[PDB]
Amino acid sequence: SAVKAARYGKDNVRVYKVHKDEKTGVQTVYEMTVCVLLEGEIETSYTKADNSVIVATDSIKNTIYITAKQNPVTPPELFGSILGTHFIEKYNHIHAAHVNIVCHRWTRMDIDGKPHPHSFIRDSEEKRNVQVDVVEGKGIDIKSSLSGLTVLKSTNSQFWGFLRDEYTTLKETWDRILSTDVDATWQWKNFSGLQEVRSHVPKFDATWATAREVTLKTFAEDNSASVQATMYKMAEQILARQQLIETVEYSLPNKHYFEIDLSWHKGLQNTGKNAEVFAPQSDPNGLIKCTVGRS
């Protein structure tokens, strides 16, 4: 037997950082969960019990805190690149670092119509994520994402003209509820190293904001022919607005809301044009994916 692949590290490292402006008194908080996995010349720890090649996962945890202390933690694409680069430069036998970061929302509170200097609310479980792969001699690959954005529209969704055969019971419809949890990932062109990532720093927050805006607007405005058709429109627009993105991937559950026929009870009309009360279905759900790239 032989080791074909190996990676190891620390998962679920929760980190909070506060920035205090001494002038204005304004404080800004960041909270993240971080995972760092390393690869390199470490096969002997598995095969020969040679621990001398292991940077202890506890040390990886320490490194995340120290790096957060000495560097900006925003945008997460930059923090992840700094963190990954550290391990490949510091340890001769480590040749790749894989850094995943989940950013949690702490939104400044508005009290009496003015922004509060040091009080925050978690408005939704929506996350902003990054995956950063730093590979010695191959640069830095960054995938940025938003996840956990849950939306619903109550009309202006249709689904008709699909394949009908002996397995089909679904009725065609020209007016349905559409609801989904959005997972959208944009993959950056490969960067040569930290200097290049630093040179593009302003684009990271701007592209996240654009991806979010395009997703929300397209969903709200498209008279949707299917989840497939609407999601493609979103991806197309993101690629048009940021030339440094190579691909856009969406993964979308179709969370079904079923009509309830109440006609058995006193002829009550609750279907088609008369539908008012629906039953949300926890499962099963449609799952629709697509990756869109450039011609």
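When you see a residue number, it is the position in the sequence shown, counting from 1.
In this crystal structure, the stretch out of 153-161 and 98-106 whose C-alpha atoms carry the higher mean B factor is 153-161. Between 6-14 and 20-28, the higher mean Cα B-factor belongs to 20-28.
In this structure the maximum Cα B-factor among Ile66, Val227, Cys35, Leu268 is found at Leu268.
When the C-alpha B-factors of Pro76, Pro115, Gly84, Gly148 are ranked from the entry, the top spot goes to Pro115. When the CA B factors of the chain's modelled residues are split into thirds, the value for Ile111 lands in the highest one.
Ranked within its chain, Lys217 lands in the middle third, by CA B factor from the PDB record. Among all modelled residues in this chain, the alpha-carbon of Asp175 has a temperature factor (C-alpha) in the middle third. Among the modelled residues of its chain, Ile142 has a C-alpha B-factor that falls in the lowest third, as given in the PDB entry.
In this PDB entry, the Cα temperature factor of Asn190 sits in the middle third of its chain's modelled residues.
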